[PDB]
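**Q** Compact mmCIF, C-alpha atoms and all ligand atoms, saved as start25.txt, coming up:
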# COMPACT_ATOMS: atom_id res chain seq x y z
CA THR O 86 2.09 -24.55 -29.25
CA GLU O 87 4.17 -26.18 -26.48
CA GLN O 88 4.12 -22.89 -24.55
CA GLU O 89 0.30 -22.79 -24.54
CA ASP O 90 0.21 -26.46 -23.42
CA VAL O 91 2.60 -25.97 -20.50
CA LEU O 92 0.68 -22.83 -19.49
CA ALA O 93 -2.58 -24.81 -19.39
CA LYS O 94 -0.86 -27.46 -17.23
CA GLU O 95 0.50 -24.88 -14.78
CA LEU O 96 -3.00 -23.34 -14.53
CA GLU O 97 -4.37 -26.73 -13.37
CA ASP O 98 -2.91 -25.81 -9.94
CA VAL O 99 -5.07 -22.65 -9.70
CA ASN O 100 -6.89 -24.08 -6.65
CA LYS O 101 -3.59 -24.75 -4.82
CA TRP O 102 -1.53 -22.65 -2.41
CA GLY O 103 1.87 -22.26 -4.03
CA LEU O 104 0.84 -21.90 -7.68
CA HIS O 105 3.91 -21.19 -9.87
CA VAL O 106 2.81 -17.59 -10.57
CA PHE O 107 6.21 -16.47 -11.92
CA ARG O 108 6.29 -19.36 -14.41
CA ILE O 109 2.74 -18.46 -15.50
CA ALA O 110 3.82 -14.83 -16.04
CA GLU O 111 6.65 -16.02 -18.31
CA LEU O 112 4.54 -18.54 -20.27
CA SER O 113 1.70 -16.05 -20.86
CA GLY O 114 3.86 -13.24 -22.30
CA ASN O 115 3.58 -11.25 -19.08
CA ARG O 116 -0.20 -11.68 -18.78
CA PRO O 117 -0.52 -13.54 -15.43
CA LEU O 118 -3.38 -11.32 -14.24
CA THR O 119 -5.44 -11.84 -17.40
CA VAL O 120 -4.94 -15.62 -17.64
CA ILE O 121 -5.35 -16.28 -13.90
CA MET O 122 -8.50 -14.12 -13.62
CA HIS O 123 -10.01 -15.76 -16.72
CA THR O 124 -9.20 -19.23 -15.39
CA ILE O 125 -10.75 -18.40 -11.99
CA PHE O 126 -13.86 -16.83 -13.57
CA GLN O 127 -14.38 -20.02 -15.61
CA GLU O 128 -13.71 -22.29 -12.59
CA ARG O 129 -16.29 -20.43 -10.47
CA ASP O 130 -18.77 -20.17 -13.38
CA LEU O 131 -18.80 -16.36 -12.95
CA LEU O 132 -19.26 -15.53 -16.66
CA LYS O 133 -22.52 -17.50 -16.85
CA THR O 134 -23.80 -16.39 -13.44
CA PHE O 135 -23.33 -12.67 -14.19
CA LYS O 136 -23.78 -12.86 -17.98
CA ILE O 137 -20.30 -11.45 -18.60
CA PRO O 138 -19.41 -11.66 -22.32
CA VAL O 139 -16.03 -13.40 -22.59
CA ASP O 140 -14.64 -10.78 -25.01
CA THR O 141 -15.60 -8.03 -22.52
CA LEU O 142 -13.86 -9.80 -19.62
CA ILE O 143 -10.64 -10.28 -21.61
CA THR O 144 -10.68 -6.69 -22.88
CA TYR O 145 -11.10 -5.34 -19.33
CA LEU O 146 -8.44 -7.63 -17.87
CA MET O 147 -5.81 -6.77 -20.48
CA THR O 148 -6.56 -3.07 -19.98
CA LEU O 149 -6.35 -3.42 -16.18
CA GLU O 150 -3.11 -5.38 -16.47
CA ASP O 151 -1.66 -2.68 -18.78
CA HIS O 152 -2.14 -0.18 -15.94
CA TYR O 153 0.18 -2.10 -13.59
CA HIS O 154 3.74 -0.82 -14.14
CA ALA O 155 6.19 -3.26 -15.75
CA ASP O 156 9.17 -1.37 -14.25
CA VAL O 157 7.96 -1.65 -10.62
CA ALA O 158 9.62 -4.76 -9.14
CA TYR O 159 7.01 -5.81 -6.59
CA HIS O 160 3.74 -3.84 -6.98
CA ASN O 161 3.02 -5.06 -10.50
CA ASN O 162 0.70 -7.39 -12.42
CA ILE O 163 2.40 -10.49 -10.99
CA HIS O 164 1.56 -9.37 -7.44
CA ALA O 165 -2.01 -8.62 -8.48
CA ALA O 166 -2.32 -12.09 -10.07
CA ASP O 167 -0.88 -13.64 -6.90
CA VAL O 168 -3.31 -11.80 -4.60
CA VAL O 169 -6.26 -12.77 -6.86
CA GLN O 170 -5.26 -16.46 -6.81
CA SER O 171 -4.56 -16.40 -3.07
CA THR O 172 -7.99 -14.88 -2.39
CA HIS O 173 -9.51 -17.53 -4.66
CA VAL O 174 -7.94 -20.30 -2.56
CA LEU O 175 -9.00 -18.64 0.72
CA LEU O 176 -12.60 -18.38 -0.55
CA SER O 177 -12.62 -22.21 -0.92
CA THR O 178 -11.72 -22.75 2.78
CA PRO O 179 -14.02 -25.51 4.20
CA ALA O 180 -15.03 -23.22 7.10
CA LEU O 181 -16.36 -20.70 4.56
CA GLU O 182 -18.30 -23.28 2.51
CA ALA O 183 -21.40 -21.61 1.04
CA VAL O 184 -20.94 -18.61 3.36
CA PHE O 185 -20.49 -15.97 0.66
CA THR O 186 -22.81 -15.24 -2.27
CA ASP O 187 -21.66 -15.20 -5.88
CA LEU O 188 -21.75 -11.36 -5.76
CA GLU O 189 -19.52 -11.26 -2.66
CA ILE O 190 -17.13 -13.78 -4.26
CA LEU O 191 -17.05 -11.57 -7.37
CA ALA O 192 -16.37 -8.49 -5.24
CA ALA O 193 -13.50 -10.14 -3.36
CA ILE O 194 -11.82 -11.40 -6.54
CA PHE O 195 -12.34 -8.14 -8.46
CA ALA O 196 -11.02 -6.11 -5.49
CA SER O 197 -7.93 -8.34 -5.42
CA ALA O 198 -7.37 -7.77 -9.13
CA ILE O 199 -7.46 -3.97 -8.94
CA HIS O 200 -6.04 -3.53 -5.43
CA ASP O 201 -2.63 -2.10 -6.43
CA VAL O 202 -3.32 -0.86 -9.99
CA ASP O 203 -1.12 2.03 -11.20
CA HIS O 204 1.17 1.65 -8.14
CA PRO O 205 4.21 3.96 -8.62
CA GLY O 206 6.55 1.85 -6.46
CA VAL O 207 6.68 4.27 -3.51
CA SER O 208 4.79 4.25 -0.21
CA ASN O 209 1.94 6.43 1.06
CA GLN O 210 4.33 8.10 3.50
CA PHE O 211 6.76 8.94 0.66
CA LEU O 212 3.89 10.47 -1.32
CA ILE O 213 2.84 12.54 1.72
CA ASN O 214 6.40 13.63 2.53
CA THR O 215 7.15 14.73 -1.05
CA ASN O 216 3.98 16.84 -1.26
CA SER O 217 2.82 14.74 -4.23
CA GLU O 218 -0.26 15.43 -6.32
CA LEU O 219 -1.71 12.09 -5.15
CA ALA O 220 -1.42 13.03 -1.46
CA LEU O 221 -2.87 16.47 -2.26
CA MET O 222 -5.81 14.86 -4.06
CA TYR O 223 -6.54 12.39 -1.25
CA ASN O 224 -5.81 14.53 1.82
CA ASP O 225 -3.04 12.22 3.06
CA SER O 226 -5.36 9.28 3.86
CA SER O 227 -5.21 5.94 2.06
CA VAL O 228 -3.61 7.88 -0.79
CA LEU O 229 -2.58 4.90 -2.92
CA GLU O 230 -5.56 2.73 -2.05
CA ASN O 231 -8.06 5.43 -3.09
CA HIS O 232 -6.13 5.81 -6.35
CA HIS O 233 -6.09 2.02 -7.06
CA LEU O 234 -9.89 1.98 -6.67
CA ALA O 235 -10.45 5.05 -8.85
CA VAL O 236 -8.36 3.57 -11.68
CA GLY O 237 -9.87 0.08 -11.39
CA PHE O 238 -13.42 1.43 -11.65
CA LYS O 239 -12.66 4.09 -14.27
CA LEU O 240 -11.30 1.41 -16.64
CA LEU O 241 -14.74 -0.28 -16.73
CA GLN O 242 -15.84 2.73 -18.84
CA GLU O 243 -13.36 2.01 -21.67
CA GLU O 244 -14.67 0.44 -24.91
CA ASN O 245 -16.09 -3.04 -24.27
CA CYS O 246 -14.73 -3.13 -20.70
CA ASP O 247 -17.89 -3.07 -18.54
CA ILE O 248 -17.85 -6.61 -17.18
CA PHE O 249 -20.74 -5.65 -14.85
CA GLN O 250 -23.07 -4.47 -17.66
CA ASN O 251 -25.61 -7.25 -17.00
CA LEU O 252 -25.79 -6.84 -13.21
CA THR O 253 -28.87 -5.11 -11.77
CA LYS O 254 -28.41 -1.57 -10.45
CA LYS O 255 -28.67 -2.94 -6.88
CA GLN O 256 -26.03 -5.58 -7.61
CA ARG O 257 -23.74 -2.88 -9.05
CA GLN O 258 -24.23 -0.59 -6.04
CA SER O 259 -23.56 -3.44 -3.59
CA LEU O 260 -20.49 -4.72 -5.47
CA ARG O 261 -19.01 -1.21 -5.69
CA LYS O 262 -19.43 -0.62 -1.95
CA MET O 263 -17.88 -3.99 -1.10
CA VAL O 264 -14.92 -3.44 -3.42
CA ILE O 265 -14.20 0.01 -1.94
CA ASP O 266 -14.47 -1.39 1.61
CA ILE O 267 -12.04 -4.21 0.78
CA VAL O 268 -9.36 -2.21 -1.07
CA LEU O 269 -9.36 0.61 1.49
CA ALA O 270 -8.64 -2.10 4.10
CA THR O 271 -5.38 -3.05 2.31
CA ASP O 272 -3.86 0.25 3.52
CA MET O 273 -1.19 -0.98 5.96
CA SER O 274 -1.88 1.88 8.39
CA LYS O 275 -5.18 0.08 9.14
CA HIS O 276 -3.53 -3.31 9.84
CA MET O 277 -3.61 -3.02 13.66
CA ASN O 278 -7.32 -2.05 13.81
CA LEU O 279 -8.32 -4.77 11.29
CA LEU O 280 -6.49 -7.42 13.31
CA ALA O 281 -7.95 -6.23 16.61
CA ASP O 282 -11.46 -6.53 15.14
CA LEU O 283 -10.65 -9.95 13.63
CA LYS O 284 -9.56 -11.13 17.09
CA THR O 285 -12.85 -9.89 18.58
CA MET O 286 -14.76 -11.90 15.95
CA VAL O 287 -12.75 -15.06 16.69
CA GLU O 288 -13.61 -14.71 20.40
CA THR O 289 -17.36 -14.32 19.67
CA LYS O 290 -17.22 -16.82 16.76
CA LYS O 291 -20.40 -18.76 15.84
CA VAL O 292 -20.33 -21.98 13.78
CA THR O 293 -22.43 -24.97 12.67
CA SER O 294 -21.69 -28.52 13.86
CA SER O 295 -19.29 -28.85 10.87
CA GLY O 296 -17.32 -25.70 11.79
CA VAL O 297 -18.78 -23.47 9.08
CA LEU O 298 -18.79 -19.76 9.98
CA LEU O 299 -22.17 -18.10 10.50
CA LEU O 300 -22.06 -14.46 9.34
CA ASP O 301 -25.42 -12.70 9.09
CA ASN O 302 -24.95 -8.92 8.84
CA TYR O 303 -22.91 -6.83 6.46
CA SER O 304 -20.48 -5.63 9.14
CA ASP O 305 -19.29 -9.15 9.94
CA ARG O 306 -19.30 -10.38 6.32
CA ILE O 307 -17.30 -7.46 4.94
CA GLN O 308 -14.91 -7.69 7.90
CA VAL O 309 -14.05 -11.29 6.99
CA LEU O 310 -13.64 -10.33 3.31
CA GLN O 311 -11.42 -7.37 4.27
CA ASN O 312 -9.19 -9.58 6.41
CA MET O 313 -9.20 -12.32 3.73
CA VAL O 314 -7.84 -10.04 1.01
CA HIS O 315 -5.44 -8.45 3.54
CA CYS O 316 -4.14 -11.97 4.35
CA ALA O 317 -3.77 -12.66 0.60
CA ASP O 318 -1.86 -9.38 0.23
CA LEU O 319 0.41 -10.51 3.11
CA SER O 320 0.68 -14.14 1.96
CA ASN O 321 4.22 -14.15 0.49
CA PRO O 322 5.89 -15.53 3.67
CA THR O 323 3.34 -18.39 3.80
CA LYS O 324 4.19 -19.68 0.30
CA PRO O 325 6.84 -22.25 -0.63
CA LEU O 326 10.26 -20.77 0.16
CA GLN O 327 11.32 -20.61 -3.52
CA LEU O 328 8.40 -18.25 -4.20
CA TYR O 329 8.75 -16.23 -0.97
CA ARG O 330 12.45 -15.55 -1.64
CA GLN O 331 11.57 -14.17 -5.09
CA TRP O 332 8.95 -11.88 -3.52
CA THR O 333 11.52 -10.71 -0.96
CA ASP O 334 14.04 -9.89 -3.71
CA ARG O 335 11.35 -7.89 -5.49
CA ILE O 336 10.11 -5.81 -2.54
CA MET O 337 13.70 -5.08 -1.49
CA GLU O 338 14.51 -3.83 -5.02
CA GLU O 339 11.44 -1.58 -4.93
CA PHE O 340 12.19 -0.32 -1.41
CA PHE O 341 15.85 0.36 -2.27
CA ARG O 342 14.75 2.45 -5.27
CA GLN O 343 12.50 4.52 -2.99
CA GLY O 344 15.44 4.93 -0.61
CA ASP O 345 17.60 6.13 -3.51
CA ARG O 346 15.02 8.83 -4.25
CA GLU O 347 14.86 9.80 -0.56
CA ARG O 348 18.67 10.02 -0.32
CA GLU O 349 19.04 12.31 -3.34
CA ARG O 350 16.21 14.54 -2.04
CA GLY O 351 17.96 14.78 1.35
CA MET O 352 15.15 12.99 3.19
CA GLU O 353 15.48 10.48 6.01
CA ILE O 354 15.62 7.04 4.38
CA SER O 355 12.56 4.93 5.30
CA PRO O 356 12.91 1.60 7.13
CA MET O 357 14.26 -1.20 4.86
CA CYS O 358 14.96 1.28 2.02
CA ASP O 359 18.69 1.94 2.55
CA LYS O 360 20.70 -0.42 0.31
CA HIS O 361 23.91 0.62 2.16
CA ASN O 362 22.54 -0.18 5.67
CA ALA O 363 20.16 -3.10 5.08
CA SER O 364 19.54 -6.31 7.02
CA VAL O 365 17.21 -8.22 4.69
CA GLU O 366 16.99 -11.42 6.71
CA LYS O 367 16.46 -9.72 10.08
CA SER O 368 13.77 -7.57 8.43
CA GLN O 369 11.91 -10.64 7.14
CA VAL O 370 11.98 -12.28 10.57
CA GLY O 371 10.68 -9.01 12.04
CA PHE O 372 7.98 -8.73 9.35
CA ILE O 373 6.80 -12.26 10.21
CA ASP O 374 6.95 -11.88 14.01
CA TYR O 375 5.26 -8.49 14.25
CA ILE O 376 2.82 -8.44 11.30
CA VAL O 377 2.38 -11.59 9.22
CA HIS O 378 2.29 -14.29 11.92
CA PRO O 379 -0.10 -12.43 14.27
CA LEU O 380 -2.50 -11.93 11.34
CA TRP O 381 -2.25 -15.51 9.99
CA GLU O 382 -2.51 -17.13 13.44
CA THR O 383 -5.72 -15.17 14.00
CA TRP O 384 -7.08 -16.11 10.55
CA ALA O 385 -6.17 -19.74 11.36
CA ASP O 386 -8.19 -19.51 14.59
CA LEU O 387 -11.22 -18.21 12.64
CA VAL O 388 -11.18 -21.13 10.16
CA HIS O 389 -9.53 -23.77 12.41
CA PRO O 390 -8.09 -26.13 11.35
CA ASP O 391 -8.23 -25.31 7.61
CA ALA O 392 -5.26 -22.92 7.54
CA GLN O 393 -2.86 -25.19 9.47
CA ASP O 394 -0.77 -26.05 6.38
CA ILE O 395 -0.39 -22.33 5.57
CA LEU O 396 0.66 -21.54 9.13
CA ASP O 397 3.10 -24.48 9.12
CA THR O 398 4.76 -23.12 5.97
CA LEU O 399 4.99 -19.63 7.49
CA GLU O 400 6.74 -21.01 10.58
CA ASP O 401 9.08 -23.15 8.39
CA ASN O 402 10.07 -20.07 6.40
CA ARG O 403 10.60 -17.97 9.53
CA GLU O 404 12.90 -20.70 10.88
CA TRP O 405 14.87 -20.71 7.62
CA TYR O 406 15.29 -16.93 7.41
CA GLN O 407 16.39 -16.89 11.08
CA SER O 408 18.99 -19.56 10.30
CA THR O 409 20.55 -17.23 7.68
CA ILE O 410 21.32 -14.71 10.48
CA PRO O 411 24.73 -15.53 12.05
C1 LIG A 1 8.08 -10.40 0.59
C2 LIG A 1 8.43 -9.62 1.84
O1 LIG A 1 7.55 -8.49 1.94
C3 LIG A 1 7.88 -7.43 2.70
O2 LIG A 1 8.80 -7.48 3.48
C4 LIG A 1 6.88 -6.35 2.85
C5 LIG A 1 6.97 -5.27 3.85
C6 LIG A 1 7.92 -5.13 5.01
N1 LIG A 1 5.88 -4.56 3.70
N2 LIG A 1 5.16 -5.00 2.55
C7 LIG A 1 3.98 -4.38 2.08
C8 LIG A 1 2.77 -5.07 2.18
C9 LIG A 1 1.58 -4.47 1.75
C10 LIG A 1 1.61 -3.17 1.23
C11 LIG A 1 2.83 -2.47 1.15
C12 LIG A 1 4.02 -3.07 1.59
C13 LIG A 1 5.80 -6.11 2.07
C14 LIG A 1 5.35 -6.89 0.86
MG MG A 2 -1.46 -1.85 -1.73
ZN ZN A 3 -0.75 -5.40 -2.56
Show how you would write the structure in this file as structure tokens.
Ligand SMILES: CCOC(=O)c1c(C)[nH+]n(-c2ccccc2)c1C
Ligand SMILES: [Mg+2]
Ligand SMILES: [Zn+2]

**A**
Amino acid sequence: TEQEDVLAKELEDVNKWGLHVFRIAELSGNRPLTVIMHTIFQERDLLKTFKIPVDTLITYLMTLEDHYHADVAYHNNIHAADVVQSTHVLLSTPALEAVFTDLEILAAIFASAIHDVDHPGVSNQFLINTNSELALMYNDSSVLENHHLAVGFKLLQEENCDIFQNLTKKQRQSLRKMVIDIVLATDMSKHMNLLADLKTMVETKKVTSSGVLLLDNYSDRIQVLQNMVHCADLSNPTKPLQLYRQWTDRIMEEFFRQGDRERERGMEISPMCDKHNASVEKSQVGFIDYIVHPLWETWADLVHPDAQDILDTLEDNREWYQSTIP
């Protein structure tokens, strides 16, 4: 069909920053996570390397995708697909050439795929403040992120869903640890510590004559993978403006819905969640200045000069959003 042909053509840009992820979601019948993960697994030869039966991979991916909520505007399967594809591009950075093993690459991509699964569209702080069952279960720390992991791993146990069935026990143990370490690091309360440690690495950076990063121990390797997926998670402002604006519309819709719940419960409305007292453009400029740019400028220093085009786009978008403020 024409739809399947245009989808295949759009997926040819899977190695590019700025993939038309929304168009892919439309063309695939709302299966962007499944089609993008499958495409990436084939591109990186991951099915052959880890002896993953294709039917098992597709069954797991469709199941995983089904557990992202279609009525959550931002934290859904499209966001997951976007973070997966963004991580995939970051893994191909010239400065990281042949740095990570196939198992580490698998861990980073898998972590990206499950990183927000079963997200309810409300923040950790909302869950803590409302005395939710999730916050009770997880003792108020990385409430959502612990839950995303638990769901992502539990789904491997469904019928014909264990994509890691042919890995050795050691490979499985290592992958599981890496995935947990990466997803727990997506908790925004850990952003400042992650960045501080990334800065320390940049200052003590070691490279070959070609600028390829030399990372020997687990601590340094997982730290780079944690920051990589965190960057991918916070990559919306670094994408072509047309895409970024759509992401902004989506997070604002989600935030406003949380604010509506807070208002009717008589709670203080969280920052950026009050639809009656919002400043969307000022908030984006603040998000870039205080969080996104500091992180991306540091990442850019680590892999200099490979991320220059990403940083240039971020600054272009910041300039545009600022121009919309009278
Ligand atoms: C597209 C613009 O995005 C946002 O403005 C934000 C904010 C302010 N926080 N935020 C989150 C990032 C990671 C995890 C939860 C929220 C996003 C996407
Ligand atoms: Mg998250
Ligand atoms: Zn996310």

**Q** Go through the chains and note each residue within 12 Å of ligand MG 2 (chain A), using all atoms listed in the file, then give the set as a ChimeraX atom specification.

**A** /O:153,159-161,164-165,168,196-209,227-234,267-276,314-315,317-319

**Q** Set out as a Markdown table a contact list for segment 150-243 of chain O and segment 348-367 of chain O with a cut-off of 10 Å, giving each residue of segment 150-243 of chain O that qualifies its closest atom pair and distance in Å to one decimal, counting only C-alpha atoms, ordered by chain and rising residue number.

**A**
| residue | atom | partner | partner_atom | distance |
| --- | --- | --- | --- | --- |
| O:208 | CA | O:355 | CA | 9.5 |
| O:210 | CA | O:355 | CA | 9.0 |
| O:211 | CA | O:355 | CA | 8.4 |
| O:214 | CA | O:352 | CA | 8.8 |
| O:215 | CA | O:350 | CA | 9.1 |

**Q** Can you pull out the residues contacting segment 132-140 of chain O? Cut-off 12 Å, using all atoms listed in the file, and skip same-chain residues under 5 positions away; I want them as an MDAnalysis selection string.

**A** chainID O and resid 119 122:127 145:147 186:188 190:191 244:253 256:257

**Q** Report as a tab-separated table: every residue of segment 126-218 of chain O with an atom at most 10 Å from segment 106-112 of chain O, its closest pair of atoms, and their distance in Å to one decimal, counting all atoms listed in the file, with rows sorted by chain and ascending residue number.

**A**
residue	atom	partner	partner_atom	distance
O:162	CA	O:110	CA	8.8
O:163	CA	O:110	CA	6.8
O:164	CA	O:106	CA	8.9
O:166	CA	O:106	CA	7.5
O:167	CA	O:106	CA	6.5
O:170	CA	O:106	CA	9.0

**Q** Using all atoms listed in the file, can you tell me which of O:379, O:406, O:395, O:390 comes closest to residue 330 of chain O?

**A** O:406

**Q** Can you measure atom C8 of ligand LIG 1 (chain A) to atom CA of residue 226 of chain O for me? One decimal in Å is fine.

**A** 16.6 Å

**Q** Counting all atoms listed in the file, figure out which residue out of O:144, O:172, O:369, O:323 gets nearest to ligand LIG 1 (chain A).

**A**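 Under the stated criterion, the closest residue is O:369.
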
**Q** What gap, in Å, lies between atom CA of residue 306 of chain O and atom CA of residue 184 of chain O?

**A**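 Pair atom CA of residue 306 of chain O / atom CA of residue 184 of chain O returns 8.9 Å.
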
**Q** Please report the interatomic distance between atom CA of residue 264 of chain O and atom CA of residue 192 of chain O in Å with one decimal.

**A**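 These atoms are spaced 5.6 Å apart.
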
**Q** Check the smallest atom-to-atom distance from each of O:173, O:389, O:128, O:154 to residue 297 of chain O using only C-alpha atoms, then report the winner.

**A**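 Distance minimum relative to residue 297 of chain O lands on O:389.
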
**Q** Might you pull out every residue within 12 Å of segment 285-296 of chain O, with only C-alpha atoms counted and same-chain residues fewer than 2 positions away left off, and present them as a PyMOL selection string?

**A** chain O and resi 178-182+184+278-283+298-301+304-306+308-309+312+380+382-391

**Q** Take segment 296-317 of chain O, bring it up to N, CA and C atoms, and give me the output as a PDB file, keeping the file's coordinate frame.

**A**
ATOM      1  N   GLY O 296     -18.317 -26.755  11.686  1.00  0.00           N
ATOM      2  CA  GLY O 296     -17.320 -25.700  11.790  1.00  0.00           C
ATOM      3  C   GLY O 296     -17.428 -24.610  10.736  1.00  0.00           C
ATOM      4  N   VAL O 297     -18.588 -24.493  10.094  1.00  0.00           N
ATOM      5  CA  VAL O 297     -18.780 -23.470   9.080  1.00  0.00           C
ATOM      6  C   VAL O 297     -19.199 -22.162   9.757  1.00  0.00           C
ATOM      7  N   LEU O 298     -18.523 -21.074   9.405  1.00  0.00           N
ATOM      8  CA  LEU O 298     -18.790 -19.760   9.980  1.00  0.00           C
ATOM      9  C   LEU O 298     -20.185 -19.251   9.649  1.00  0.00           C
ATOM     10  N   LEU O 299     -20.844 -18.679  10.653  1.00  0.00           N
ATOM     11  CA  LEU O 299     -22.170 -18.100  10.500  1.00  0.00           C
ATOM     12  C   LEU O 299     -22.011 -16.584  10.582  1.00  0.00           C
ATOM     13  N   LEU O 300     -22.196 -15.912   9.449  1.00  0.00           N
ATOM     14  CA  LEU O 300     -22.060 -14.460   9.340  1.00  0.00           C
ATOM     15  C   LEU O 300     -23.343 -13.900   8.751  1.00  0.00           C
ATOM     16  N   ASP O 301     -24.135 -13.209   9.564  1.00  0.00           N
ATOM     17  CA  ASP O 301     -25.420 -12.700   9.090  1.00  0.00           C
ATOM     18  C   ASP O 301     -25.443 -11.284   8.540  1.00  0.00           C
ATOM     19  N   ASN O 302     -24.898 -10.322   9.284  1.00  0.00           N
ATOM     20  CA  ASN O 302     -24.950  -8.920   8.840  1.00  0.00           C
ATOM     21  C   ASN O 302     -23.761  -8.485   8.020  1.00  0.00           C
ATOM     22  N   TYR O 303     -23.934  -7.362   7.337  1.00  0.00           N
ATOM     23  CA  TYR O 303     -22.910  -6.830   6.460  1.00  0.00           C
ATOM     24  C   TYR O 303     -21.599  -6.572   7.188  1.00  0.00           C
ATOM     25  N   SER O 304     -21.678  -5.972   8.372  1.00  0.00           N
ATOM     26  CA  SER O 304     -20.480  -5.630   9.140  1.00  0.00           C
ATOM     27  C   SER O 304     -19.548  -6.815   9.333  1.00  0.00           C
ATOM     28  N   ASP O 305     -20.107  -7.958   9.719  1.00  0.00           N
ATOM     29  CA  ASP O 305     -19.290  -9.150   9.940  1.00  0.00           C
ATOM     30  C   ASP O 305     -18.805  -9.753   8.632  1.00  0.00           C
ATOM     31  N   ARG O 306     -19.665  -9.778   7.616  1.00  0.00           N
ATOM     32  CA  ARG O 306     -19.300 -10.380   6.320  1.00  0.00           C
ATOM     33  C   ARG O 306     -18.185  -9.602   5.630  1.00  0.00           C
ATOM     34  N   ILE O 307     -18.319  -8.281   5.578  1.00  0.00           N
ATOM     35  CA  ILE O 307     -17.300  -7.460   4.940  1.00  0.00           C
ATOM     36  C   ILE O 307     -16.003  -7.493   5.740  1.00  0.00           C
ATOM     37  N   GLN O 308     -16.098  -7.628   7.062  1.00  0.00           N
ATOM     38  CA  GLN O 308     -14.910  -7.690   7.900  1.00  0.00           C
ATOM     39  C   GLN O 308     -14.075  -8.925   7.559  1.00  0.00           C
ATOM     40  N   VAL O 309     -14.743 -10.053   7.348  1.00  0.00           N
ATOM     41  CA  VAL O 309     -14.050 -11.290   6.990  1.00  0.00           C
ATOM     42  C   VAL O 309     -13.444 -11.152   5.586  1.00  0.00           C
ATOM     43  N   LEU O 310     -14.165 -10.523   4.666  1.00  0.00           N
ATOM     44  CA  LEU O 310     -13.640 -10.330   3.310  1.00  0.00           C
ATOM     45  C   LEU O 310     -12.457  -9.363   3.304  1.00  0.00           C
ATOM     46  N   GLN O 311     -12.510  -8.333   4.150  1.00  0.00           N
ATOM     47  CA  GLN O 311     -11.420  -7.370   4.270  1.00  0.00           C
ATOM     48  C   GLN O 311     -10.157  -8.070   4.769  1.00  0.00           C
ATOM     49  N   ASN O 312     -10.309  -8.845   5.835  1.00  0.00           N
ATOM     50  CA  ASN O 312      -9.190  -9.580   6.410  1.00  0.00           C
ATOM     51  C   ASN O 312      -8.691 -10.676   5.471  1.00  0.00           C
ATOM     52  N   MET O 313      -9.592 -11.273   4.690  1.00  0.00           N
ATOM     53  CA  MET O 313      -9.200 -12.320   3.730  1.00  0.00           C
ATOM     54  C   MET O 313      -8.262 -11.755   2.668  1.00  0.00           C
ATOM     55  N   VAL O 314      -8.657 -10.648   2.058  1.00  0.00           N
ATOM     56  CA  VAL O 314      -7.840 -10.040   1.010  1.00  0.00           C
ATOM     57  C   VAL O 314      -6.548  -9.455   1.599  1.00  0.00           C
ATOM     58  N   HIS O 315      -6.616  -8.957   2.835  1.00  0.00           N
ATOM     59  CA  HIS O 315      -5.440  -8.450   3.540  1.00  0.00           C
ATOM     60  C   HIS O 315      -4.443  -9.605   3.768  1.00  0.00           C
ATOM     61  N   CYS O 316      -4.959 -10.766   4.165  1.00  0.00           N
ATOM     62  CA  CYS O 316      -4.140 -11.970   4.350  1.00  0.00           C
ATOM     63  C   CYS O 316      -3.487 -12.374   3.025  1.00  0.00           C
ATOM     64  N   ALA O 317      -4.264 -12.339   1.946  1.00  0.00           N
ATOM     65  CA  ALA O 317      -3.770 -12.660   0.600  1.00  0.00           C
ATOM     66  C   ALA O 317      -2.646 -11.700   0.190  1.00  0.00           C
TER      67      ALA O 317
END
